[PDB]
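Chemist: First, the structure itself, so that you have it in front of you.
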Amino acid sequence: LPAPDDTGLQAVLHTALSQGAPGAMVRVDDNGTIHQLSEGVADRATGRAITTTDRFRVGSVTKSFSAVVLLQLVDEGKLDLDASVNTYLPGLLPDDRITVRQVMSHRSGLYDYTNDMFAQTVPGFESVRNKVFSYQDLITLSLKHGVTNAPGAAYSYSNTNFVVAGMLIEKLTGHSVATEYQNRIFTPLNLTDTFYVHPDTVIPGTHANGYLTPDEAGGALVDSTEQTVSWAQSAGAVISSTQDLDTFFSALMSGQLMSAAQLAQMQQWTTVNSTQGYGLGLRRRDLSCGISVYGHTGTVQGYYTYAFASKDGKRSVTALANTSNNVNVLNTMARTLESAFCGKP
């Protein structure tokens, strides 16, 4: 790979601040040489600087943790990717042709309940932030709508899929997802900044606060740090750090977290758009210089995350801005992947 471009990374972060992120940061693990940059504030009311060791909410990056646990169950013979979801969760879904592989690749047709929830950004956050939902509650919300396509037939990203994933982990293992994450991922990789504390609202230790951008242009930011994330759970509630997400995607892509057979199933790409794919709880992004990287993005109120690694895991990048509902910042933060993998133009 080209060398990571720290001046390019610096410009990306500075642009994200100019577009309304209070803070923005990035950590590259380049085959044992670290790059770390941050600009702006973790807490905009006190002025405390953001830094690459601050913990934060990773949002939908959680789906990759869920998928690693499910693929280890596949390795253990407890789960078959091509079995019906209802084989393990009887009568859960209206159609038995919905399979575990279609759920994990967003090909199931299940309606995303969060489209009910967040049609208005701050009112929807204020609705869910202090609620505790069961898995079944969220599935029932989805099922008020019919499916959006035939099973397997179309890519349609849906949080519901990874709510099903959490129910499957808990049903098959008899343990909570927190326990399975801890035992199969956080402890073995020594992810000391990584937690799943649902439904607690506190982020343990020093963290970035999250600032939700309101729908009204120019409106005051809303502190969204503390919430249950119960509307997402196994689809979105993990807390981590840039070092720990680098560690995690490096371990995944270098083959440390499941058999080679299952990693190969995880990387069977469904087309998302002309420069992206979706595997099993895993994203592929195609970068301008002709390299692809592998990992996941997250959007949770107040926090945008990108966490991607090269195919062999030897270079990993995690970028965080502590705002959300700000598509200028979301698009700018994607540019950290170009600077960190493609290097100087």
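Residue numbers start at 1 in each chain; chains themselves are named A, B, ... in the order of the structure tokens; ligands are numbered from 1 in the order shown.
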Could I get the residues of region 253-329 of chain A with an atom no further than 12 Å from an atom of region 19-30 of chain A, each paired with its nearest atom pair and that distance in Å to one decimal, using only C-alpha atoms, sorted by chain and residue number, as CSV?

Modeler:
residue,atom,partner,partner_atom,distance
A:302,CA,A:21,CA,9.2
A:303,CA,A:21,CA,9.4
A:304,CA,A:24,CA,9.3
A:305,CA,A:26,CA,9.7
A:306,CA,A:26,CA,9.1
A:307,CA,A:26,CA,9.6
A:308,CA,A:28,CA,9.7
A:309,CA,A:29,CA,9.2
A:310,CA,A:30,CA,9.9
A:312,CA,A:30,CA,11.8
A:313,CA,A:30,CA,9.6
A:314,CA,A:30,CA,6.6
A:315,CA,A:30,CA,4.6
A:316,CA,A:29,CA,5.2
A:317,CA,A:28,CA,4.5
A:318,CA,A:27,CA,5.5
A:319,CA,A:26,CA,4.2
A:320,CA,A:25,CA,5.4
A:321,CA,A:24,CA,4.1
A:322,CA,A:23,CA,5.7
A:323,CA,A:21,CA,5.2
A:324,CA,A:21,CA,8.1
A:325,CA,A:20,CA,10.4
A:326,CA,A:20,CA,7.7
A:327,CA,A:19,CA,9.3
A:328,CA,A:19,CA,6.3
A:329,CA,A:19,CA,6.0

Chemist: List every residue of region 85-252 of chain A that DSSP, applied to the backbone of this structure, assigns to strand (DSSP E), and report them as an MDAnalysis selection string.

Modeler: chainID A and resid 211:212 222:223 239:240

Chemist: Just give me the gap between CA of residue 101 (chain A) and CA of residue 133 (chain A) in Å, one decimal is fine.

Modeler: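 Computing the Euclidean distance for CA of residue 101 (chain A) and CA of residue 133 (chain A) yields 24.8 Å.
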
Chemist: What's the 12 Å shell around residue 150 (chain A), counting only C-alpha atoms, without same-chain residues fewer than 3 positions away, as JSON, numbers by chain?

Modeler: {"A": [94, 95, 96, 97, 98, 99, 102, 106, 107, 108, 109, 110, 111, 146, 147, 153, 154, 155, 156]}

Chemist: What would the file look like if the residues just selected were written as a tab-separated table (two decimals), in the first residue's frame with C-alpha atoms?

Modeler:
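Printed below is again_12.tsv as written:
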chain	number	residue	atom	x	y	z
A	94	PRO	CA	-44.33	-14.36	8.38
A	95	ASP	CA	-42.42	-16.33	5.76
A	96	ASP	CA	-40.27	-19.38	6.40
A	97	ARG	CA	-38.29	-18.80	3.17
A	98	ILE	CA	-36.48	-16.02	5.01
A	99	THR	CA	-33.11	-17.55	5.80
A	102	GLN	CA	-30.62	-13.40	3.76
A	106	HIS	CA	-29.94	-7.46	4.21
A	107	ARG	CA	-31.73	-9.49	1.56
A	108	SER	CA	-34.62	-10.59	3.77
A	109	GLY	CA	-37.20	-7.98	2.91
A	110	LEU	CA	-37.80	-7.14	6.52
A	111	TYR	CA	-38.98	-3.52	6.91
A	146	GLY	CA	-45.20	-6.03	4.98
A	147	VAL	CA	-41.86	-7.15	3.58
A	153	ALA	CA	-34.33	-10.86	-3.89
A	154	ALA	CA	-32.99	-7.44	-3.09
A	155	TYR	CA	-30.49	-5.61	-0.96
A	156	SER	CA	-32.33	-3.33	1.46

Chemist: Residues of region 107-248 of chain A classed as alpha helix (DSSP H) by DSSP on the backbone are to be reported as a PyMOL selection string.

Modeler: chain A and resi 114-117+121-128+135-143+159-173+177-181+242-248

Chemist: With N, CA and C atoms retained, write the just-selected residues as a short mmCIF file (atom, residue, chain, number, x, y, z; two decimals), in the first residue's frame.

Modeler:
data_model
loop_
_atom_site.label_atom_id
_atom_site.label_comp_id
_atom_site.auth_asym_id
_atom_site.auth_seq_id
_atom_site.Cartn_x
_atom_site.Cartn_y
_atom_site.Cartn_z
N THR A 114 -36.85 1.35 12.14
CA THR A 114 -36.31 2.67 12.55
C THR A 114 -36.85 3.72 11.59
N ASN A 115 -37.36 3.39 10.43
CA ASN A 115 -37.98 4.43 9.58
C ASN A 115 -39.22 4.98 10.21
N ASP A 116 -39.86 4.24 11.13
CA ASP A 116 -41.03 4.79 11.83
C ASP A 116 -40.38 5.81 12.79
N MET A 117 -39.42 5.36 13.50
CA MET A 117 -38.91 6.03 14.69
C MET A 117 -38.30 7.41 14.40
N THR A 121 -35.78 13.77 13.21
CA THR A 121 -34.56 13.36 13.91
C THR A 121 -34.59 13.59 15.39
N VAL A 122 -34.72 14.80 15.91
CA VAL A 122 -34.65 15.01 17.35
C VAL A 122 -35.90 14.47 18.04
N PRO A 123 -37.11 14.72 17.51
CA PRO A 123 -38.28 14.07 18.16
C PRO A 123 -38.14 12.58 18.19
N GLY A 124 -37.60 11.93 17.16
CA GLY A 124 -37.46 10.49 17.21
C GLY A 124 -36.43 10.09 18.24
N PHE A 125 -35.29 10.79 18.33
CA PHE A 125 -34.34 10.51 19.42
C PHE A 125 -34.97 10.68 20.77
N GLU A 126 -35.72 11.77 21.01
CA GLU A 126 -36.34 11.98 22.28
C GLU A 126 -37.41 10.88 22.63
N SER A 127 -37.96 10.27 21.53
CA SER A 127 -38.89 9.18 21.76
C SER A 127 -38.21 7.93 22.24
N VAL A 128 -37.07 7.56 21.63
CA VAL A 128 -36.48 6.27 21.94
C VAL A 128 -35.39 6.27 22.95
N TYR A 135 -36.19 -7.63 22.10
CA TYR A 135 -36.02 -7.98 20.67
C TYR A 135 -37.36 -8.14 19.97
N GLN A 136 -38.24 -8.94 20.65
CA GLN A 136 -39.54 -9.21 20.02
C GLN A 136 -40.29 -7.94 19.78
N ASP A 137 -40.22 -6.94 20.67
CA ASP A 137 -40.94 -5.68 20.42
C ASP A 137 -40.54 -5.04 19.10
N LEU A 138 -39.25 -5.05 18.81
CA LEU A 138 -38.70 -4.42 17.59
C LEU A 138 -39.11 -5.26 16.40
N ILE A 139 -39.08 -6.59 16.47
CA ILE A 139 -39.56 -7.40 15.36
C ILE A 139 -41.04 -7.13 15.08
N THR A 140 -41.83 -7.02 16.12
CA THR A 140 -43.27 -6.73 15.94
C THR A 140 -43.45 -5.39 15.25
N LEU A 141 -42.64 -4.39 15.59
CA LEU A 141 -42.73 -3.09 14.92
C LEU A 141 -42.44 -3.25 13.44
N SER A 142 -41.42 -4.01 13.06
CA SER A 142 -41.13 -4.24 11.66
C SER A 142 -42.30 -4.88 10.97
N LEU A 143 -42.88 -5.88 11.64
CA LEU A 143 -43.88 -6.77 11.01
C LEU A 143 -45.23 -6.05 10.87
N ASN A 159 -32.12 -2.55 9.98
CA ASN A 159 -31.73 -2.86 11.35
C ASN A 159 -32.44 -4.13 11.86
N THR A 160 -33.67 -4.38 11.35
CA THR A 160 -34.43 -5.53 11.82
C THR A 160 -33.62 -6.78 11.65
N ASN A 161 -32.86 -6.88 10.61
CA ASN A 161 -32.06 -8.07 10.33
C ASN A 161 -31.16 -8.37 11.49
N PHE A 162 -30.56 -7.36 12.12
CA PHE A 162 -29.56 -7.60 13.19
C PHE A 162 -30.24 -7.54 14.53
N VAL A 163 -31.51 -7.17 14.68
CA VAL A 163 -32.30 -7.51 15.82
C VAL A 163 -32.54 -9.01 15.80
N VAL A 164 -32.93 -9.59 14.64
CA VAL A 164 -33.06 -11.06 14.48
C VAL A 164 -31.74 -11.70 14.85
N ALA A 165 -30.63 -11.16 14.40
CA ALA A 165 -29.32 -11.73 14.73
C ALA A 165 -29.12 -11.85 16.25
N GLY A 166 -29.44 -10.83 17.04
CA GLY A 166 -29.32 -10.89 18.46
C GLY A 166 -30.24 -11.93 19.08
N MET A 167 -31.50 -12.01 18.62
CA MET A 167 -32.43 -13.07 19.11
C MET A 167 -31.90 -14.45 18.83
N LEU A 168 -31.30 -14.61 17.60
CA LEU A 168 -30.70 -15.94 17.27
C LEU A 168 -29.55 -16.24 18.20
N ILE A 169 -28.64 -15.24 18.45
CA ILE A 169 -27.52 -15.53 19.36
C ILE A 169 -28.05 -15.94 20.70
N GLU A 170 -29.00 -15.20 21.27
CA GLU A 170 -29.46 -15.49 22.60
C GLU A 170 -30.18 -16.82 22.64
N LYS A 171 -31.01 -17.11 21.62
CA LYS A 171 -31.76 -18.39 21.64
C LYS A 171 -30.81 -19.58 21.55
N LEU A 172 -29.82 -19.51 20.66
CA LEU A 172 -28.97 -20.67 20.40
C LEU A 172 -27.95 -20.91 21.50
N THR A 173 -27.54 -19.88 22.17
CA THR A 173 -26.48 -19.97 23.17
C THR A 173 -27.02 -20.00 24.60
N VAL A 177 -26.46 -11.38 24.59
CA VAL A 177 -25.41 -10.97 23.62
C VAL A 177 -24.22 -10.32 24.31
N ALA A 178 -24.40 -9.59 25.39
CA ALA A 178 -23.21 -9.06 26.05
C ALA A 178 -22.20 -10.12 26.40
N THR A 179 -22.70 -11.26 26.96
CA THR A 179 -21.84 -12.37 27.35
C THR A 179 -21.17 -12.96 26.15
N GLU A 180 -21.90 -13.15 25.07
CA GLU A 180 -21.27 -13.76 23.86
C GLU A 180 -20.25 -12.82 23.25
N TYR A 181 -20.57 -11.54 23.19
CA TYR A 181 -19.55 -10.58 22.67
C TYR A 181 -18.31 -10.67 23.51
N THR A 242 -11.15 3.85 18.69
CA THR A 242 -10.49 3.66 17.38
C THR A 242 -9.47 2.53 17.45
N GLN A 243 -8.68 2.37 18.56
CA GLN A 243 -7.73 1.29 18.64
C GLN A 243 -8.42 -0.05 18.63
N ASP A 244 -9.54 -0.19 19.40
CA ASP A 244 -10.18 -1.48 19.49
C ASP A 244 -10.89 -1.83 18.19
N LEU A 245 -11.50 -0.87 17.46
CA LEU A 245 -12.08 -1.26 16.21
C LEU A 245 -10.98 -1.63 15.18
N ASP A 246 -9.83 -0.94 15.23
CA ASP A 246 -8.75 -1.37 14.36
C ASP A 246 -8.32 -2.78 14.68
N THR A 247 -8.18 -3.07 15.96
CA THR A 247 -7.81 -4.42 16.38
C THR A 247 -8.80 -5.44 15.86
N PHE A 248 -10.06 -5.16 16.06
CA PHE A 248 -11.14 -6.09 15.68
C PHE A 248 -11.14 -6.36 14.19
#

Chemist: In terms of the shortest atom-to-atom distance over only C-alpha atoms, which of A:274, A:299, A:268, A:182 is closest to residue 211 (chain A)?

Modeler: A:299

Chemist: Have a look at A:151, A:40, A:204, A:188 and name the one nearest to residue 241 (chain A); count only C-alpha atoms.

Modeler: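 For residue 241 (chain A), the nearest of the candidates is A:204.
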
Chemist: Which one of A:279, A:13, A:92, A:41 sits closest to residue 332 (chain A) if you count only C-alpha atoms?

Modeler: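 Checking each candidate against residue 332 (chain A), we get A:13 as the closest.
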
Chemist: Of the candidates A:263, A:202, A:104, A:221, which one gets nearest to residue 43 (chain A) if we count only C-alpha atoms?

Modeler: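 Nearest candidate to residue 43 (chain A) out of A:263, A:202, A:104, A:221: A:221.
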
Chemist: Please report as CSV every residue of region 165-264 of chain A lying within 7 Å of region 60-66 of chain A, along with the nearest atom pair and their distance in Å (one decimal), using only C-alpha atoms.

Modeler:
residue,atom,partner,partner_atom,distance
A:165,CA,A:66,CA,6.7
A:166,CA,A:66,CA,6.9
A:234,CA,A:66,CA,6.2
A:235,CA,A:63,CA,5.1
A:236,CA,A:60,CA,4.5
A:237,CA,A:62,CA,6.5
A:238,CA,A:62,CA,5.5
